[PDB]
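So the structure is just underneath, and the comments pick up after that.
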Protein chains: 2
Amino acid sequence: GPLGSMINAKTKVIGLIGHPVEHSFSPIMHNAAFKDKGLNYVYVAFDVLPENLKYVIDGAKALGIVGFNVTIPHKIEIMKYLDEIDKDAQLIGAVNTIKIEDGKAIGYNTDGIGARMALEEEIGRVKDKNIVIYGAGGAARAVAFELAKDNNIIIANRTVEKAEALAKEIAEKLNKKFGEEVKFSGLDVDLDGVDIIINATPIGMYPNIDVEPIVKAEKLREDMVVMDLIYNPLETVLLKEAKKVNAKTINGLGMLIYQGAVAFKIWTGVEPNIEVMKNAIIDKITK
Amino acid sequence: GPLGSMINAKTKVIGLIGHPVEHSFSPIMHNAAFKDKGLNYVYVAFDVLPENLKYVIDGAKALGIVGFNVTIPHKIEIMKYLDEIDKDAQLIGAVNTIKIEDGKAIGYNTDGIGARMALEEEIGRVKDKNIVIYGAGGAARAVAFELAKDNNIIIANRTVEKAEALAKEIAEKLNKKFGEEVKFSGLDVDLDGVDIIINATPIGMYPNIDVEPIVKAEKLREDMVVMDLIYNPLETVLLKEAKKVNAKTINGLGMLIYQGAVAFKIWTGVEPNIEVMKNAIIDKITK
Ligand SMILES: NC(=O)c1ccc[n+](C2O[C@H](COP(=O)([O-])OP(=O)(O)OC[C@H]3O[C@@H](n4cnc5c(N)ncnc54)[C@H](OP(=O)(O)O)[C@@H]3O)[C@@H](O)[C@H]2O)c1
Ligand SMILES: NC(=O)c1ccc[n+]([C@@H]2O[C@H](COP(=O)([O-])OP(=O)(O)OC[C@H]3O[C@@H](n4cnc5c(N)ncnc54)[C@H](OP(=O)(O)O)[C@@H]3O)[C@@H](O)[C@H]2O)c1
Ligand SMILES: [Zn+2]
Ligand SMILES: [Zn+2]
């Protein structure tokens, strides 16, 4: 059909709350998915200052706004304003998706599932495997809490203290063996027997793209899968290093899209077309 | 440009708050005008219950919603949640347009001005004439207050004292003579010598378009002007009753557009294109 949202008096609103948000690809992505499925919703971006976060939930309820996506710096602070919080959300300790229904605002977190789907949808079910997660920030945290449910994960980081702390919280909360199922280490850890490595750090991300990868070619193999959460540029210096060894590369586009796909489902009750989302976003990145 | 609205992460939101709002044509009017001017705004409708009205302004301020239009039944109750209210809306006692600026919510009322422009574009300056206004709601208030500035008016309503109350109030604030310049009566007031009559009541408005007109063609006259504030249908019963006496008829299209046009300017600092607003509405009303 036509390009752009065909708005009328019955159109429902969904928005992204954060500060700043003017560069999010979310609106573009979701509006295309709404059209495709013929749903009468619109996605907009709301720049919310920290002191005003306390007024959004009751405003959304009063207005009839159906839901939100939450990003920096509100995913931790928004939790005290919601009526309920999904377990998967309570575990990670952060909300990035909200649904308002029947006067009840519920928090969710799809960053975890997203990074999983980003993988499975590309290499099938991921259970009982050796997975190394470089980084320990918000991304590595959501990823880890999800892939640790049924996999052996090793959180490697520049500041080990951070790695150790995360591995303990995961083993504890998910009830796993510390030094075995949920390990930690420096960025030096070796990949002998490692099935998949996931880069959850900004190394190689624009504007510092010409820096050396999180791991040289020497430790890379073909029998591996190297996914990079970065998506600017899509093919990082890490994926190059992994291409000179026929490894199955996956760029950040996967997590970004699927993370949204699950939220879409939560708001509309319908599954969105993954290619529409990608084509809308990938077209935004390139000319 | 595109057929629908091309939303991005910078698009600003303007909404209509009221109950109900599903059959409003305002979103149609304004989005059409936004696009024609290349402005990055989207106009949507919010269904707000009277009990939740108190959470909307802080919500709007929090999210960065730049303005609203206010319709039944919040035109008066919203005044207590605003920071400032301009002269007109304060005299009139009702707010139909809001603008959030510098963390400050301001109330305006474009109804009155809208009605005069629509009436004056049709028959030239309206001054020193006898005008009857049927009704006493927010619209009647706006139009009565505005035309009472330089014309003799008579407020006719089913609830007489309610019309008496409004007449006294107008005479009071405009330094007018309660007995002559501003009168009141029931729905059967004699129209001899009356130059213009305006229907500021829902009688005849969709979907109940077969009811009895607020005044029989008996009192109508060929050299009389009959304006109905209803725009859906485009030709109410009152107007086709007026046509059977060759009287000059005017529907509510002009008031709707001119009222919106003034609000448009207020939110954006830009003057919208009238033909665009006008035709966008007609096309959604007719076929
Ligand atoms: N595709 C998607 O769906 C998606 C979703 C979310 C984020 N991303 C992104 O994911 C990546 C990760 O970041 P984040 O925002 O989640 O968290 P974050 O707060 O940026 O996490 C910081 C991480 O970066 C490390 N790090 C930073 N500079 C480093 C360097 N020069 N050398 C070694 N380690 C370094 C930190 O080790 P320390 O703590 O010790 O500094 C830590 O592990 C980013 O590149 C960003 O582009 C993609
Ligand atoms: N075209 C435009 O720019 C524009 C702008 C604003 C409003 N409108 C509209 O203007 C019209 C007026 O209403 P409002 O929203 O301003 O105020 P309101 O709050 O709806 O005021 C109620 C009015 O309706 C009367 N009324 C209702 N049903 C009646 C009936 N069946 N018989 C006799 N009288 C009846 C009341 O007399 P009582 O109080 O005694 O009941 C009173 O005058 C509506 O039809 C609405 O669609 C058009
Ligand atoms: Zn800031
Ligand atoms: Zn309707």
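Whatever order the structure lists them in is the order used to number ligands and atoms, beginning at 1. A note on names: the letters A, B, ... follow the listed sequences, proteins ahead of strands, and every chain is numbered from 1. Computed over heavy atoms, backbone and side chain alike; hydrogens, waters and symmetry mates excluded.
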Worksheet item: Would A:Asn96 and A:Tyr108 count as having a side-chain donor-acceptor pair, cut-off 3.5 Å?
Response: no

Worksheet item: What do you reckon, is NZ of A:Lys54 surrounded by more than 12 foreign heavy atoms closer than 6.0 Å?
Response: yes

Discussion item. So, at under 2.8 Å, which protein N, O or S atoms would a careful student list around the Zn ion (ligand 3)?
Written reply: A:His19 NE2

Discussion item. If I compare all heavy atoms of A:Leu49 with all of A:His74, which pair ends up nearest, and what's the gap?
Written reply: C-CE1, 4.2 Å

Worksheet item: Which ligand 1 atoms, with their elements, are less than 4.0 angstrom from a heavy-atom of A:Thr201?
Response: 11 (C), 45 (O)

Fill in: Atom of B:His19, atom of B:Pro73 and distance for their closest heavy-atom approach
O-CD, 3.5 Å

Worksheet item: For ligand 1, which atoms, with element, lie under 4.0 Å from some heavy atom of A:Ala136?
Response: 42 (C), 43 (O)

Practice prompt. Take every heavy atom of A:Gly114, measure it against each atom of ligand 1, and state whether any distance is under 4.0 Å.
Written response: no

Worksheet item: For atom 32 (N) of ligand 1, what's the nearest protein heavy atom and its distance?
Response: A:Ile203 CD1, 3.4 Å

Practice prompt. Might you point out which heavy atoms bring A:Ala33 and A:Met277 nearest each other, and give the distance in Å?
Written response: CB-CG, 4.1 Å

Fill in: Heavy-atom neighbours of A:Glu121 CD exceed 12 at 6.0 Å
yes

Worksheet item: Does B:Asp210 CG have over 12 foreign heavy atoms under 6.0 Å away?
Response: no

Worksheet item: With a 4.5 Å limit on heavy-atom distance, are the side chains of A:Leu187 and A:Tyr134 in contact?
Response: yes

Worksheet item: Below 4.0 Å from any atom of ligand 1, is there a heavy atom belonging to A:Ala140?
Response: no

Item to complete: Find all atoms of ligand 1 within a distance of less than 4.0 Å from any non-hydrogen atom belonging to A:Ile230, and give their numbers and elements.
Response: 45 (O)

Fill in: A:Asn157 N/O to ligand 1 N/O under 3.5 Å
yes

Discussion item. Which residue and atom name correspond to the protein heavy atom nearest atom 7 (C) of ligand 1, and how close is it?
Written reply: A:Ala139 CB, 4.2 Å

Fill in: Nearest non-hydrogen protein atom, atom 45 (O) of ligand 1
A:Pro202 CA, 3.1 Å

Practice prompt. Give yes if a backbone or side-chain nitrogen or oxygen of A:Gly135 is under 3.5 Å from a nitrogen or oxygen of ligand 1, and no if not.
Written response: no

Discussion item. Below 4.0 angstrom, counting only protein heavy atoms, does anything approach atom 39 (O) of ligand 1?
Written reply: yes

Discussion item. Taking the side chain as everything from C-beta on, heavy atoms only, tell me whether A:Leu229 gets closer than 4.5 Å to A:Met227.
Written reply: yes

Worksheet item: Taking atom OG of B:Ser26 and atom CG of B:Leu16, what is their separation to the nearest 0.5 Å?
Response: 6.0 Å

Worksheet item: Hey, is ligand 1 close enough to A:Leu253 that some N/O pair sits below 3.5 Å?
Response: no

Item to complete: Under 4.0 Å from a heavy atom of A:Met205: give me the atoms of ligand 1 that qualify, with their elements.
Response: 45 (O), 47 (O)

Discussion item. Between B:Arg141 (side chain only) and B:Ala94 (backbone N and O only), is there a donor and an acceptor less than 3.5 Å apart?
Written reply: no

Discussion item. Using a 6.0 Å cut-off, check whether atom CD of A:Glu51 has over 12 heavy atoms from anything other than its own residue.
Written reply: yes

Practice prompt. Using distance alone, decide if ligand 1 has a nitrogen or oxygen within less than 3.5 Å of any nitrogen or oxygen in A:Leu256.
Written response: yes

Worksheet item: Does A:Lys278 pair with A:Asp283 as a salt bridge, N-O distance under 4.0 Å?
Response: no

Discussion item. Using every non-hydrogen atom in the two residues, find where B:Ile257 and B:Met29 come nearest and quote the distance to one decimal.
Written reply: CA-SD, 4.0 Å

Worksheet item: Looking at side-chain heavy atoms only, is the closest gap between B:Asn69 and B:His30 below 4.5 Å?
Response: yes

Item to complete: Run the numbers on B:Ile250 and B:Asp228 for side chain to side chain contact (heavy atoms under 4.5 Å, CB included), then give the verdict.
Response: CA-CA 6 Å; B:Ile250 302 168; B:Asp228 197 328; over 6 Å; no

Discussion item. Heavy-atom distances under 4.0 Å decide this one: backbone, side chain, both or neither, for A:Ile214 against ligand 1?
Written reply: neither

Discussion item. Suppose I only count heavy atoms of A:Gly138 and a 4.0 Å limit; which atoms of ligand 1 are within that range?
Written reply: 16 (O), 17 (O)

Worksheet item: Does ligand 1 have a heavy atom under 4.0 Å from the side chain of A:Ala200, from its backbone, from both, or from neither?
Response: backbone

Fill in: Any A:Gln259 heavy atom less than 4.0 Å from ligand 1
no

Practice prompt. Tell me which protein heavy atom sits closest to atom 30 (C) of ligand 1, plus the residue, atom name and distance to 0.1 Å.
Written response: A:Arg158 NH1, 3.5 Å

Worksheet item: How close does the nearest protein non-hydrogen atom get to atom 19 (O) of ligand 1, and which residue and atom is it?
Response: A:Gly137 CA, 4.4 Å

Practice prompt. For residues A:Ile131 and A:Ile197, determine if any side-chain heavy atom of one lies less than 4.5 Å from a side-chain heavy atom of the other.
Written response: no

Practice prompt. Could you tell me the residue and atom name of the protein heavy atom closest to atom 5 (C) of ligand 1, and the distance to it rounded to 0.1 Å?
Written response: A:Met255 SD, 3.9 Å

Worksheet entry | Near ligand 2, at a heavy-atom separation below 4.0 Å: residues by chain and residue number | B:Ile72, B:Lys75, B:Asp111, B:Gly135, B:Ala136, B:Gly137, B:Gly138, B:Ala139, B:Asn157, B:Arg158, B:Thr159, B:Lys162, B:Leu187, B:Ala200, B:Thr201, B:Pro202, B:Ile203, B:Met205, B:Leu229, B:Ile230, B:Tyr231, B:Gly252, B:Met255, B:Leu256

Worksheet entry | Nearest heavy-atom neighbours spanning A:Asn199 and A:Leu238 | CB-CD2, 3.5 Å

Worksheet item: Tell me, which protein residue and heavy-atom name are nearest atom 48 (C) of ligand 1, and how many Å apart are they?
Response: A:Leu229 O, 3.1 Å

Worksheet item: Above 12 or not: heavy atoms from other molecules or residues under 6.0 Å from CD of A:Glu120?
Response: yes

Response to the item:
Separation between CD1 (A:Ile170) and CG (A:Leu147), nearest 0.5 Å, reads 9.5 Å

